[PDB]
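First comes the structure, then the notes that go with it.
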Ligand SMILES: [Zn+2]
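Chains as they are written, first to last, in the numbering used here: chain H, 1279 to 1488; chain C, 5 to 199; chain U, 46 to 715; chain X, 555 to 1320.
What follows is the structure in structure tokens.
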């Protein structure tokens, strides 16, 4: 069915080694579920009706004069999305444990606002957001965003949870903060983890049970 | 030439300029035939299928235009109705053997983009106005030349995409789509869909 | 063809010097030389656009070129050679028939009678040539050639009769001037006066007439209404001269005392030309506050009724401030559109020069403004340059309207090009806005040079586009790209033709082009180790020829854009060429630096194509010279050049007492 | 005031002969890298087409990109970050150089534009909408939100989100303008369009941006009696393609043409510059004759609604050879002008004007009155101020490249508290951004260093607990680089770098353990480990290891084996520290820091658990006995040291039992040796005021890999990167790509841990 899919990925050294495994087990099947059957080179962008994928990659504060979030424009090709998922290079990090989840979520919110101004042929669609993270959030409010500046991760994930965006978390290391954020993004009113170590909670989307 | 010979050879070839000047039909680039379907091709209009150049006797220093690809002659012949066998007799095509002749393919693409330009001029002042006649003849001619693999479909389409990229030629795109529909509807079952 | 297109008004001595130079560079026989002059003149006449340019071309061929030949005869058995060249030309029947169709008469007859009058040709030669031409020809309005050939004596006699204001009879002056304002008569007089060197005296005469009719004397309406018309006729013809033949014929070039005339200052500070953009709030456009209120009250009174004493220079200087206050009043809203129509009618009605002064200030002011702020002021031009106000015209109104519409076309054209606005006065601007709107300018340059090579000669339109590209991309870009397009030729014939054309193209600004060529292009080709594969024998011999022709012609020693731009230019050639006669003249510095480079290349190891280049450069320096560019050669080159392989010594040495010692050393020890 | 910090000259590669000079470009990035071109002219003209990258802390090492530019390079332009470099020459050809393998020594351009034949005369990156303003009157305000504040600027061409596109805009010598937009994918969209319909010469041009996402491009044709025209450009993307919409703005003429006394002099406009990109309303022009010149400042200010009026002009100068505008974005209003005149803060109010004699004038922004004068004792053909505007770099009319320091009060003497507050304000500005602070360390005297360090720590406190998170390693790097500058404080820098390294190991080891099941939830196993190690003060290692759920601390025994060298460094540093206890040395700070000793305890406990899982991961100690448990011995001594410092308000001097037991440690084990990171070759310690270093390019006035702790040989065979600030060396490509702990190696791909860039070092070949 029509879907506005937004992936939010932590592009840091953590999630570096574990990303290839996560893609085969969880991310790639999730794209197929939105796009029935695996994509191969015939899928064309430009159908404004239909499922539209997008990436948001974020970083920590060690990329000091560079920007924090790299966003990609929406595509209707699942194949271009797969090439974008290959094209991420995980180079960041340093002496820290946290990352800028608030930035990635705020730009995901701006993506969903631009999607909502885009699709008017349908009032509401399946608005799905995934967060592929390996790290607890920073305590910084969001700085490099307009209309969602000065907001912590809890406020932004409340605004994700209300208005009916289906929020999911795929993490290769089981963590408390990520679980708390997932519990908070509750939509108004099954073991999918193939590996025991992986923590995967999916509010929306169907992934083969393992 | 090599930097040690230099003038010694170059001036020598320049003294063979008058002999080449004797052996040149003057205004040969601008002489055009009347296309008859009769066959029995006069061998004056034969071009080289590799490079669209006139076949020249000798190694003389001929005039600078005779070393250029004669695209004007080939476009004039392709724009005429019933110039099917004459283009094969020009470019040496044989129809027992399929070849993917490239310069024919590029000339057909440039003919399509010229038709698209001339359709985008107005096409609405005169209803017939030679535009839709040109598109019908383009349909027939291009069906034959892509069908026997003298040219190929996907290289033609993507080169056509590179010519129309950014030029902003949109008023008669329906005609171009119609011509492509003639190819696809003619030969979808023979080739794979990736073509 | 260049001197015909750009400076018809140039002196013949510069052209004779340049042509004798070209005849000495490439050794040209005299019959082929004069044949190329006549062929160029006729081809340029045929390719001329209809209008003033055709009159100018008829004058250049009929009057200036015969005078040039006479000067060549004095400087140089010329009659036999010009007769040979005339038979050479009379073989070319299609050229002469195309010319005769444009001339509407046999133009070769007028040429042969004119060259008979000047004394280039003997009379028997003239008569058998006209017999041959009539035999080859066998297989109500006067044409322009008769009009021009008879109009040049009228130029001299009109000078001598209007020295004295027709014995101070202004009614007579007005009638004769109205006859001049009639169709094409002014243009005929100006073309004849330009081709024959008498445009300066003509401009002095109309300027002095203007100064006489500026103030006026105690008068009733009928005498003053003549004096204001004399101001209009003199002003409008002076503006037409300055817009057609350049502004430098209007200048006085030495005014002892402060009494510069009104029109010279107005043209200096207030009239748009091609390369002149004007400051609308220059102090020239703000004369007073006292007179301008009297003038706006004057324009709001009614029909002036007070033309009996106006001091027209003061009025014309004050219109700019007047229409500035009118514009501020209309921008606030305190003035209605209908009163604006009344003020524009009071300006443009009785005297037409007021409209020209106002439109000049309006063009400056609209050029300074932004996009959205312009909309009102353009309407002012639409009313000032509109069709005629009627029923109170003094006399000769339609002809002044026609001349004024031409002047306002050439004033407004640039501003009305910036925003797409059609004012539609009714070609009169045949070579204007020639470049394509979006295409990068190297494509323009390479296409025009490709067509000039494939023809074999340079058109008039091609000369104008080459001028605009030299002004636009600058000298270095121009000369470098044309030399690149030379160096990718591979044939001997095309390289020699390209060089013979590029010399004439570089004659737009020869001096600056030689500084760029021998200073930047050639040292960059000789010093770069990757570049000198481009210096192979086919293009390389041609390039060495072009460099030495450029060096000689710049040493022995021209358009108005080029004059303005070299006056703009600041550079320190002492700092550019540090160098390890004057030697503060930059060309001597470039030549000394180039010869140091040539000696360094000849002396070094690793002989390649660049060594062949500097060999060829020195050989055509020897051959092209009469005797001096080679005065700057270092004396070590005398030794080294025969180390790398007689006359190349004995010419290059310049023969000082120490110079004999180096000469006798090299020649004996070959 | 002005002091020449250093003069770097080419050796024997000057004396350009027989080919005339060319104008130079110069560009100082946010990271301190100068990109510049010079007229070398020896055996090739490509020696005038090489782009030299000079890291400003190690100038001898000059990289030389052989750009493939067939004509002379007009413009160089760094990114808004410091990571890409745009270079454009005559005849089109804009190239966009990016780093290769994140080395500052290898550049390669894959992306570029081309408008063939037309010379590029202005070039700029597009604006990304980030702009901040510095309130100097709030320098003491104790919160960084009050000192530096973002000013709500809009980026030209936002694309589907808040995210700006990156791209450039160039202006040719014809009327053409071109915009190239880089996609997030490798695609690039180009579009060219004429500026106005009247196509004309553009001999000088400049580009500023506005709020609202409009570019404002100023054109002049050099004649100085013709108007300096202005165009508003608006970029858009229509469905696949860039689209440029231009509109004429009010032009200006220039004074000294309406002077009417002698108006004919100064006939050439030679420099046109907006006062800063994103400050589009003020314009600096420079008319010049052959000998004299005039600079002028103009402003658009409205009343004809918009109209250019003059602000100020100089009287008469020498011929201005180069012009450098500042980059520090001061707040520029009236109160801040007052307080920056009272407290003599002058970093953002200066332009530098070189002249055709030796002199250089630092002149005011608003009313161009000369603030300082530096006589060279030959002219500056290119100048550039720094991002904190304390130093200006400049290329001369020879091979010489010089760096001058401008004092922040321009030579007027200040009391020490004001100089402290100025330099502290700038270091805080470099801390909030990510810019480099090297130019500040040009101005720090030794005698103030310690006081400055104190102020940094007091400003590291009293921020709002997320700033303290994000400014940790930046303030450790700034503390180390400051403490390098004084002989009293030179001993502590090693400690700071090991402190960085300790945290860099500690978190990563606590990052590797993925808890297989969540027992006692809401605490991650890093925090469970820290809680358990801080409440259990048992001196034995077994009694701590028992209570720590050791089925959770499991790895795959492959990465667990590959962690051997980092665990070796942990054990060796602990042993070195405890043996160093009886004695100012490389370990003196750690003996009294309770937190670092706690971290070392936690790592020893997880090392013990991982050794029980696989015994090959353990560090090795050459023991002078065979019935010994060396790990338990070191843990006993570490707990007995740490219980000294884990007390509340303690400062307990260590008792004599620990002293004699740690005297016995060289008897029981062999204390190996250690490499300490800041191998100092930085110039700032070497420099002195009033003495300039005269350097040659390429002359440069127990080998370990410090990040993966591998011993290279005597003369190492594999090639290496060196950090540009601390000096740590790593080998360039990983030794075993299969067994590589990518959680540790992928942290330092783009930078070092101290923050500086990597820089490829050449092999010896002895
Ligand atoms: Zn470092």
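Note that beta-carbon positions come from the ideal geometry of N, C-alpha and C, so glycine has one too.
DSSP places residue 642 of chain X in no alpha helix (DSSP H) but in the uninterrupted beta strand (DSSP E) bounded by 638-643. For the options X/760, X/1045, X/564, X/615, the alpha carbon positioned closest to that of residue 1237 of chain X is the one of X/615. Here the C-alpha atom of residue 1092 of chain X lies approximately 57 angstroms from the C-alpha atom of residue 662 of chain X. Around the beta carbon of residue 1071 of chain X, a 10 Å sphere encloses fewer than 16 other beta carbons of the protein chains shown; the residue is thus reported as exposed.
Chain U has no Cβ within less than 8 angstroms of the Cβ of residue 43 of chain C. Listed in chain order, the positions of the stretch 1406-1417 of chain H with a beta carbon within less than 7 angstroms of a beta carbon of chain X are 1416, 1417. When DSSP states are grouped into helix, strand and coil, residue 317 of chain U belongs to the coil group. With a minimum length of 4 residues, the unbroken runs of alpha helix (DSSP H) contained wholly in the stretch 248-309 of chain U fall at 266-289.
Taking 8 angstroms as the threshold, the shortest C-beta distance from residue 574 of chain X to chain U falls below it. Judged by DSSP secondary structure, residue 661 of chain X falls within the beta strand (DSSP E) whose first and last residues are 657-667. Approximately 22 angstroms separates the beta-carbon atoms of residue 604 of chain U and residue 472 of chain U; this is outside 8 angstroms, ruling out the contact. Between residue 301 of chain U and residue 314 of chain U, the alpha-carbon positions lie close to 20 angstroms from each other. By the 16-neighbour rule on beta-carbons within 10 angstroms, residue 1313 of chain H is buried. In the three-state DSSP reduction, residue 77 of chain U falls in the helix class (H, G or I).
Checking the 7 angstroms criterion, the Cβ of residue 995 of chain X is out of range of every heavy atom belonging to ligand 1. Put simply, the backbone Cα of residue 1094 of chain X is about 7 angstroms away from that of residue 1186 of chain X. The Cβ neighbour count for residue 490 of chain U, taken over all protein chains shown within 10 Å, is at least 16; the residue is labelled buried. With a contact defined as Cβ atoms closer than 8 angstroms, residue 1320 of chain X and residue 1269 of chain X qualify at about 5 angstroms. In this structure, residue 1426 of chain H sits near residue 1387 of chain H, with a CB-CB distance shorter than 8 angstroms. For the stretch 1288-1305 of chain H, the set of positions with a beta-carbon nearer than 7 angstroms to some beta-carbon of chain X reads 1291, 1292, 1294, 1295 in chain order. Taken through DSSP and simplified to helix, strand or coil, residue 350 of chain U comes out as coil. For residue 179 of chain C, the uninterrupted alpha helix (DSSP H) segment begins and ends at 177-191.
One alpha carbon belongs to residue 49 of chain C, the other to residue 32 of chain C, and they sit about 10 angstroms apart. Taking C-beta atoms under 8 angstroms as the contact rule, residue 584 of chain U and residue 642 of chain U fail to qualify, at a distance of about 20 angstroms. Close to residue 1488 of chain H, with beta-carbon spacing below 8 angstroms, lies no residue of chain X; the smallest spacing is near 16 angstroms. The residue from H/1349, H/1295, H/1299 with its alpha-carbon nearest to that of residue 1284 of chain H is H/1349. Annotation: the continuous beta strand (DSSP E) that includes residue 619 of chain X extends over 616-620.
With contact defined as three or more Cβ pairs closer than 8 angstroms, the stretch 331-348 of chain U and the stretch 387-397 of chain U are in contact. Under the 10 Å beta carbon count, residue 863 of chain X is surrounded by fewer than 16 other beta carbons and is classified as exposed. Distances from the alpha-carbon of residue 817 of chain X to those of X/1005, X/981, X/842 put X/842 closest. Taken in chain order, the complete beta strand (DSSP E) segments of 3 residues or longer contained in the stretch 670-736 of chain X are 674-679, 686-688, 702-704, 720-726, 730-736. Excluding residues up to 5 positions away in sequence, 584, 941 lie with their Cβ nearer than 6 angstroms to the Cβ of residue 989 of chain X in the same chain. At the C-beta level, residue 1288 of chain H and residue 1412 of chain H come within 8 angstroms of one another.
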